[PDB]
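Below you'll find only one chain, the form deposited in one PDB entry, shown as structure tokens.
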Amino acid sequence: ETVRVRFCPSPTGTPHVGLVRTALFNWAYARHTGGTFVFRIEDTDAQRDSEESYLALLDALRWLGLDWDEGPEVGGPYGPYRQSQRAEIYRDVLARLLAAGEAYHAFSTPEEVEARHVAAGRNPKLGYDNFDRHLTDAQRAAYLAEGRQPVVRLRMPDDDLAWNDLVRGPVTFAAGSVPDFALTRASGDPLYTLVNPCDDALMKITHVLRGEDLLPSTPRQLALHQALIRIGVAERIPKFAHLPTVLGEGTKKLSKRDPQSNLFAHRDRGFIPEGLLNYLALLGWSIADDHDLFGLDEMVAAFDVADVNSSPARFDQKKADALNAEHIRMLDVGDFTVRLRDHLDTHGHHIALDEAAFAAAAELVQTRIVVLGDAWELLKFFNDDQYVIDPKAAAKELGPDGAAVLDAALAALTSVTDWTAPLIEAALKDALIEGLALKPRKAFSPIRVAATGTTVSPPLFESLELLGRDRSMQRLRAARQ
């Protein structure tokens, strides 16, 4: 304390699960340390989709329950928290760096760097060669006369470049191995290389937790962070922690397309936040050696990113599903029921039971799905306008002997005074095991198909109860033929 971490997405595309794992990892580490979770928008590079993507990002956080302490709408003391709003800041930090001799204007063309390499006997594949560090005022003025627009480069220290990664351990870049790197484009506009460390510095970030795909930037950032201390615009260097990249089934960067990388796919299918967060938390981390099922509070209590491993994290849609199922079954019945009603409703999949019978049906299926979406197939026989008898079922369960069973079942069921669950059971086993003498599963079968359309459904008798007497009788009577 006081830890300060940062989720700093660029508003491009849908949130993928890897990105969302990083948000959760930061969130949990703040909440665990009693520190602060900063939400910074990296929107100096706008594309067509950028508002759409912005809204998607806040929606994602807002669905999974990961509130932010500083950032959009909510504000905070180190604002602003959109980078598109911070250009004055970036121009003044650049002015200060230049004034202090920490950075310099560089005018080399790629061809000119190439040529110097060639004159040296070196391979031109090497980058920038720091040439422009030694420019005379004459040479710099001559460039500007011709209308060369320079980039600003940071002067790297000439000694070894290392840090103790919170995940990886000590990482090392050999002396002299990282060229003076550009902070601006020729138009003057700042780069990721400036605005990302600039804003970590100014927003007093203490711990940077990010995908290990960015690990090569770290020596550059540390050099800038060190420069920023020198010019008096920060006082501390952040620690870094580089998360294992989330892979798909291949060894490949979880692709931008394969739907198992996209958070909205999961949501749309009917993951609940508790299920998805539990799964995300397991991409690089385990709460203990004896279990992997847990809630967000338990995570917050336990989460420390030094316990994140650097080993391969591969996305496993079987384990995801399994965890969601358990987390669905973990819900109290009322909560599950409201969530299930909403999910069905908002997918154009309203079930035509009133509040009380729907609540009964919800509790029937809670233990019988993996995702909220599974309930439509289970449940939809309860609407007249979705009833369809499956041909297979109607070929098993509807045939000649179907007639025998449909007949006796019809006898059986008519006479029940009360369509309450606890009785219908006894009518049919009487008729169909009792006197037809075939297995209890053919006593009830052809009922099921006649009532629901399918050989698999919710528990028969509650389903008959909830169907109602009149609809049950009607469907059975129509079936037999």
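If you superpose the two forms and keep the largest set of C-alpha atoms that fall within 1.5 Å, you have the rigid core. Numbering starts at 1 and follows the sequence shown.
The next section is about a form of this same protein that is not shown, the form deposited in another entry.
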Looking at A301, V74, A411, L144, which has a Cα shift of 2 angstroms or more between this form and the one not shown when the rigid core is held fixed?
-> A411
Using the core for the fit, does the CA position of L64 change by 2 Å or more between this form and the one not shown?
-> no
C-alpha of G435 off by 2 Å or more between this form and the one not shown on rigid core | yes
Tell me, please, whether between this form and the one not shown the C-alpha of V38 is shifted by 2 Å or more, with the rigid core used for superposition.
-> no
